[PDB]
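Only one chain is shown below, in structure tokens, and it's the form deposited in one PDB entry.
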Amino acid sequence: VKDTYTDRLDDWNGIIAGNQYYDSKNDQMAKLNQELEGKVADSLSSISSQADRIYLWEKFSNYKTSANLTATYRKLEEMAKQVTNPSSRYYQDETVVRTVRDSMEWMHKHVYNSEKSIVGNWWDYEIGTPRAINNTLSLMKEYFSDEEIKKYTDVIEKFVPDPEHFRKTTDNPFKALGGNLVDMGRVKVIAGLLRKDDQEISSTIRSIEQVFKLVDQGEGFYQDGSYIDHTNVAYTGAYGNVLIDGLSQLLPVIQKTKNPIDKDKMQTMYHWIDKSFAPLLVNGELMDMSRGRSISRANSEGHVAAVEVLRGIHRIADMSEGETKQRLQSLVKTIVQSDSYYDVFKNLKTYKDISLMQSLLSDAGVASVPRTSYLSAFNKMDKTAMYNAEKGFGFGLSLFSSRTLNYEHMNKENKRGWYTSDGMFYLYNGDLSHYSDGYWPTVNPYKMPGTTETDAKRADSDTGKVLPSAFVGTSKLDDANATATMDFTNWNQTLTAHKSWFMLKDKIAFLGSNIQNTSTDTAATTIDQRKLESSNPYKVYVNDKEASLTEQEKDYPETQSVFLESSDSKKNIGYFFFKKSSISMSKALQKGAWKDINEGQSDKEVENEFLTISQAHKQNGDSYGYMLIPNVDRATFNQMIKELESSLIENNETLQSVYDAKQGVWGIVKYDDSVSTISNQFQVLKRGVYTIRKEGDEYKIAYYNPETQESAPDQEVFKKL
């Protein structure tokens, strides 16, 4: 009742709503206010106003489905925001004030109280709903009595009494870490501020600290930047988001309590941003390979997901000072400005976040220079991110091994992500909307780019698996060159292939050998499946001769090269086959719906055109070998393949190697411990992945053993000839 807790709750309110920063003459703020007003109007004109109703809102009447619980409270929160906004048409409106208060009671008496038990997802009973309830009582604290707040938060205590574990009410609770651990703070630090429970605050804060540590196993952030969740899933771009997004919201309040958090523990926060998040952001897009099952959500495509991270970073920068505040500010500014496809404000949902972004972008003192080149090998989550600032393209390598799950199909989401980690690659170029605009529900799940597979049908009911082999990993020499491999075996053990990738600054070689098939199904590797633009059509050249592609698969034997020519060179893609190969191509309209891959999504039909290139393997001991060259014009491409006409050093069952003469760099993958002499210059001696650079008479070496996850002394793996 107007004490020190209300002081902290006031700060929270300024963070989650920020009504005190509202300015009607502010274009962006007025827009968001227009959105909230419309939400509250729709909730008010559709709410049940009859005697003894059986649902507050019919669209969320089935209180057997966990979602209907927090979606219902989310509506009362939106009302709490407008009722306290002086510029809203619902400011201090008696019907809104009474509706909220009245609605808290009904839900409490008949749907969510202490004498209840989890039904559906636990997430809604412990995180979603409790969060929406906390925010509502905080925003409207001047309309509720302390006793009413106590009474209304008691149920949160029942379901979430332990700030260390979740599902404590059920039979199989679990330890809270990472994203979920941060959501625990949003539930118990606020509920504790509302209930004026000092014990609850200190113990949840004390428990939040756990997040500030790095891990060498299990869930959490690794020192190499990888972030794992759900036991063994690469998840920086989804659960990592929740972590930073939520922690950046809480910190300001936490720090003003009697239990602040050590300035050094937050030193690691800057590490996550620089080592984990930043590399996954390309032209404002958050690489899908790190978003797990969220890739199947229509309203959370790459550019939109990226904004959850950016606003968290922004909030953190604002907490810092001096250089740190400056550098984080420029990181956010340059990324936001490099995004010509998505409007960042479309995902800044509070007035403080909008105000912050505006200050940032209009401040000439904050630098905004193009990000420089970089290559991150997240070996702890079997992902690899590469970015070339000079030519301007990004590249992502999605793998998995015995240490990680290939794909997460859970809660009925991402039903067909079967091959998204079977050596699938991502190419981020001039077309910033490639993986957006319905790419996921329209891409053929059976031909993910870069993957070798049989045409056997797959079931939506299937779920993730780990790889039998641990020989999966990337050897990084510098920020422009690296080598990767995957001792691949498919889902039903009927196909194998030694797949290797050679990232050489401005191109990537794809080598595959030892391809074997014991099934009757047909086997082939998808060189590419690119989503086309009706605006920037491609002129296709095979062997440098114009070709006309059809929906029908056209076969091109003796193919030495394929070139996709756009009017914008930053969208061109070339494929040089080290040895004339038999490939087939087709261009076709592919239709689908989001519901097809996520039960909770829309059934509305979506469609996009895709250009598919693939190579069939009709024999045991088959292989493939091609160089991918993006962002160069036709004439340069033709020039480059002339130089690379001898870049293939080897590609068989025990050794794969490509040589970049212009750079003096070698990419090498050895599957056995025999001695391999390379280019009559040196010898490599151990199973593993190498990336070597000759500098004068000296050699720079980068060796990595994927199985043991260790490097090694040079003399054990390399011998100069």
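Counting begins at 1, following the sequence as shown. Superpose the two forms; the largest set of C-alphas matching within 1.5 Å is the rigid core.
- When 488-496 is weighed against 553-561, 553-561 comes out higher, by mean CA B-factor as recorded in the entry.
- The deposited model assigns a higher average Cα B-factor to 519-527 than to the other stretch when 519-527 and 231-239 are compared.
- Set against one another, the Cα B-factors of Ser248, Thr420, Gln199, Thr463 in the record reach their highest point at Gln199.
- Taking the deposited Cα B-factors for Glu148, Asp339, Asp437, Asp431, the highest one is held by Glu148.
- When all modelled residues of the chain are sorted by CA temperature factor, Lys275 is found within the lowest third.
- Split the chain's modelled residues into thirds by C-alpha temperature factor. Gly396 is in the lowest one.
- Ranked against the other modelled residues of its chain, the C-alpha B-factor of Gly696 as given in the entry falls in the highest third.
- Per the deposited record, the Cα B-factor of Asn13 falls in the middle third when ranked against the other modelled residues of its chain.
- For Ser513, the recorded CA temperature factor ranks within the lowest third of the chain's modelled residues.
One more form of this protein should be noted, the form deposited in another entry, which is absent from this view; the next part is about it.
- Core-superposed comparison between the shown form and the other one: CA of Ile47 displaced by 2 Å or more.
- For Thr522, the Cα coordinates differ by under 2 angstroms between the shown form and the other one after the core has been superposed.
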